[PDB]
Structure formats: structure tokens, C-alpha cells
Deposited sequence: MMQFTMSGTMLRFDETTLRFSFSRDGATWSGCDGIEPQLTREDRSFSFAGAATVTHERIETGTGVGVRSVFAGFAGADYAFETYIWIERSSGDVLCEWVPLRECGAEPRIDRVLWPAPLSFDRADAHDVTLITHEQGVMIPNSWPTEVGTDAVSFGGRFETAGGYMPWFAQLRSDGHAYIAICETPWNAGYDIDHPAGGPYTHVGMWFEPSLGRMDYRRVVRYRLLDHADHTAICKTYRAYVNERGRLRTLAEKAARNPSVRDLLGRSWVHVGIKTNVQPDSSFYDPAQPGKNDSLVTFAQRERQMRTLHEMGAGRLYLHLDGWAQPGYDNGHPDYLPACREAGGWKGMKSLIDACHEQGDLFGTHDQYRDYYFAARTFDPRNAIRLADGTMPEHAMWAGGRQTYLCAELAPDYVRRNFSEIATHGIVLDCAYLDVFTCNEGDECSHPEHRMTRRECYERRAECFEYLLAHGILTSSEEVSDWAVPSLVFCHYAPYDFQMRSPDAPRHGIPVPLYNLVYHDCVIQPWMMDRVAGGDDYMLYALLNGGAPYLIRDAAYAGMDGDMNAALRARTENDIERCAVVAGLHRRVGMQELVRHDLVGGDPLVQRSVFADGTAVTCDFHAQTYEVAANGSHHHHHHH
């Protein structure tokens, strides 16, 4: 009904239906029939078309053309907002803006409506950033819904490592929807079992109980596209906004960055101390609740691994402080006395250094345990309704969350304490920051939006990098790329579920296609009986190997072979070569999902065959 044509792109918008479509290179995409943009409230969902008053305005500006719509009055309530949908002159992109105008609650906004993608074509695929990456054919036999996606499909979490989703038709015509305001946003996915469609749509939540700021989505219509090309679209978007911070850039400040290339990872612990109120407590099993390996025993194990030719190692050490793993944070001091104290910890670190190996502590600044020495609810998060959240899931029992406004204060305190004891960490791990969503806090003394929370968590990382301590956290949610050197992993979703559970799609390294040259990742080395050797995904992603990966809690943290040292050497060998390079291309060879190739900046090419369970590392290209 309203039609616009600008820079190779056409936008069509119907004033009654509120449906739109856009075209470029002769491909047209439209809103799904029968799926209208929604406001959800505690009391009910409304279509935008449900407003008392809806006006439209045709618009041309120095930068684009399009339509701005104002919507006012819902049920009997004076609530208003406006949208703006437009083509950008310089690019042909289509931009969608939702702008709050009057608010006086709204739970969620589902907008823009998903696009139609309804051919059971099997080469018609949807890309989502749920962990390392998933490509979902329209014919895929297993159901995929938002409630099977981590964190409800929230961006800036394991559910949405990057703020985008994309759909790719078999003819190479595709779109990528980039959420430019991702901090109170996420995606919704609907793929019924066998299809024949997959619908993917943005959602937006209020910030501290108000929609507050403009929400923006940017669509780019691509042609001759494949999944590699879609990823590079978002890579350029990010570098254009200054957030593509390469390892090389990081190395110019902290040359020790390069010293992670080719290391094999060791993840093991010291003190376990499961409290009676913990959900993990086993009341009939004292030896299970309460265990200890000393610093000396870990020192001997490091000497031994070295003596056996394990090679260049990085040791991440759990549960090294007095309260025990997952107890007492942020009061997670001093080094555990029964393990050997500061003396034994220092001796262990020295032994690592003496043998050319690197050392990092597992630490935690979000979980705030009532048993912390200085526990005070005044330092805790308050939710938008003013409640203090609480649970007793982990080893240390009853907890709330520490408001991230204050987390840098605690990081500064604890790390400067550690340093005064002749402990010189090569690295540090601040758990959960890069897996879980950023908190919001309505406490007047430390009010914080989700967006500010990510900034404060980055500030904690910055403290470490300023002291020459390389930074790690749980996963790789891309808010963190400017300030994060490495992670605990950046696994595929399927590696985090039983190998028996059906998958949601074909595994593809969407995150590495964007960020391989920015964040270092170790990789699970496990073999599935009757299934995949996880080594192969480590090679496709050009990552480091886990030599030892002890679970903190049985069944958690992707807790599911005899030549370990040898298998590591092959992975590390590659990593030492391509650890700092772009992952340029990834392909399903011949379109076969079970045959995959990755190509790095220096031409090195990695082919993995999941029929044969075999690999091949060539320099050809």
C-alpha cells in the first residue's frame, strides 16, 4: 500500500494489516500471515493494530525514506509508542525502530513480526547464535522452540552469543537481522518437528520496568550468500562500530596473549565443600560433600604431566581458597590452609613457571553467598519490583547476587590481596559473567541497567588486563569481546546436552566466523561411543585442546580414548599456527553436513569427515 524504492531496495507497507515486505536483487520477503507485532502485559497480549489511534506518516530525510507510525491507547490505558521503518540511502538496509512515547506494566514487545520462510526446501536454513552456532534446515526432523534455547533466546548470553539471526534460501538469497540495541532483547524461534517452516523474531523487554529507550533492528538483504558470507556481514558491522578487538590488538598491550597459542588446558580443583542447604548436598555421603586435593598434589601432577611430555600447559585451578569451591564469594580468601595455604599455592605457581607453564585462578563475583564473611543485603541486586533474588543451588548454599556496580571494588580488593603474597597470576577466570545475562538493579544506592552491568563486568576484566593478567570467563557472549582474552569454552549447544538428545540443527562455527581472531577458546576432547569424536570440532574451530577437564559438579558443564597427550599435540600444533588468524570460510563440502571444511587467513584448511570420524590439516587452502 505505501511503497518505497531506494538504492536497490523496495519496502512495502500496509496501513491496515501493519504487514510489511522488502525486496532487493529480485527476492521479496514478507511478514508472516497471521502473525502480528505484539505488546505483552502481565494482563494480556495486544496486536499493535489494537491501538485506539493509529496514524501513519510518509517520510524522506537526507539519509533514508520510509514510514513512521504512532500508536496510542490500549484497552482503556493511555500508553503510546511509535515505529519507524525505513530504507537507508547509503546502503539499501532496512531499519526498524520502536520508540516509546508515553508509559505510566508492559512485559515484552514482539516486533518486528517474523518473516515468512515456509518452504520445506531442506537447503532453506535458519542460522541462530545459540552457543557456537546452529544451522536449522526447514525440514529438520526435531522441534526447535524458544524454551529449548538457553536463557529464552536472550542476546548477550549462551542463548544468543551475538545479537543477530539469519535465514538463507537455497538460491543464495538471504537476510540477516541485526539487533542494534541488544541489552534488553533476544530472539524467539518456532520450528515445529519436520517443519515445514521456521519463524524467528526479535523480542524486547523493559529496562527497570519501562521500555525507556528506542529499540532498533537493522535488516540486510544478501544475494549469492552462504552462511560464511552472512557471518562476515555481522563481523563488518562490529568492526565498523569499533568492537572487533583482535588478539593482535590485545597483544600489543599484553604480549603474554601470544603465550596462550598451542597450550593444552588443565581444569582441576582443590577444596570441595558442599553445604547442607546446597541443592548438591548428599546427606548420607560425607566424603562426597567434603574433599581436598592439596597444592603439593597438584604441583606433583604438573611435574608429572611435564615429565610425560604433555607439553605447554595452562592450569586453571578451582576451589583454591578457604571457603572451598563456590562458597563465600566475594569473600574468597585466603588460599585454603589445609591445601597448603599461600606458601603451597605460591610453590605450585613457581613450579608451573619453572616448567614453562601458565596459571589462573577460578574466581566468582556475581554469586553472593549469605555465608560470605562480609555479607550484607545492602550490596545485593534489587529486581525492578524491589525484591532481592535468592536461591541455594550451588555448593555454598543460600545466595543472592552481588550488584555489578560494586564488583570492580571486590575484584580490586581480592586480586591486590593475592598479589601481596608473591602470587603472580598469568590469568584469571571470573565465572558466569560471559554466560549469564547482565543483571539490572533498582537499588537507589547502586542503580544499574543490564547494559551498565555488562560495562561493569568489562571493567573487572580491565582491571586484570591493566595488571598484565589475561582474562577468561565462562563462555563468549560478544559484549565481552573488547575485554576478554579467552574462555572456559565456546561449545556447540549439542555438546552441552546428552549425546543421546536429538540436535536442533547442523553445527556450524558462526561465532568463529565472526571472532576467531579475537577470543581464544579451548575445546572438549571427548569421544561419543557410536558417535562423534569432539576433537574434530576442536580442529574445525582452530582452538586449543582440553587435556584434563574435571567437572565441578557431576552432570554439569558439558560433563558427558587413550592417546590424550597425542590427540592434544595435533590440536595444539594447529592452534599454535592459526590461533591468531581469522576463520575466513566454513563449508559443508558438497552440501554434505557430515563433511565440513574451515579455512584460515594463512590458507591452512581443515576437513573433518563425520562419516569416517577422520580429519586432515592441509596448508593448500
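Unmodelled regions of the deposited chain, listed from N- to C-terminal end, are 105 to 108, 565 to 571, 633 to 640.
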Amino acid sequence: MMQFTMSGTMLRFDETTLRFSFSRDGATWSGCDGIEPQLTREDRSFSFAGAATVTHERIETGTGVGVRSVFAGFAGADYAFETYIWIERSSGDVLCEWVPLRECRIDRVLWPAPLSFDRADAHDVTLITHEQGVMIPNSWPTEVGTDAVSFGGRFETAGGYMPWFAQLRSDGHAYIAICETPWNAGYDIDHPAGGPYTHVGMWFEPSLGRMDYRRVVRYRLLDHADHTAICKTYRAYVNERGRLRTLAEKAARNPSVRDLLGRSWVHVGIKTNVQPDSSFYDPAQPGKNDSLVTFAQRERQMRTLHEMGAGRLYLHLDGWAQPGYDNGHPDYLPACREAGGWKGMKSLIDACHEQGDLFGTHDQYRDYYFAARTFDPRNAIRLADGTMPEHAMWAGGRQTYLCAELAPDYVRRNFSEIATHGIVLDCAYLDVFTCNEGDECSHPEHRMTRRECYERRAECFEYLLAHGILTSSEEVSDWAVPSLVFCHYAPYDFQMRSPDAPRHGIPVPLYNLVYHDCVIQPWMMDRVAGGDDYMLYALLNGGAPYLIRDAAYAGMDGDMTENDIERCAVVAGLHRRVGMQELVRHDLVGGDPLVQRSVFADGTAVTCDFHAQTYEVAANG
From here on, numbers count along this sequence of modelled residues.
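Here the stretch with the larger average CA B-factor, out of 221 to 229 and 439 to 447, is 221 to 229. Relative to one another, 363 to 371 and 290 to 298 have unequal mean CA B-factors, and 290 to 298 is the one with the higher figure. Note on the listed residues 124, 131, 318, 517: the highest Cα temperature factor in the record is that of 124. Split the chain's modelled residues into thirds by C-alpha temperature factor. Residue 79 is in the highest one.
Residue 324: CA B factor lies in the lowest third for its chain, per the PDB record. Remark: residue 524 belongs to the middle third of its chain, ranked by C-alpha B-factor as recorded.
Among the modelled residues of its chain, residue 203 has a C-alpha B-factor that falls in the lowest third according to the deposited record. Residue-level temperature factors show residue 541 in the middle third of its chain, judged at the C-alpha atom.
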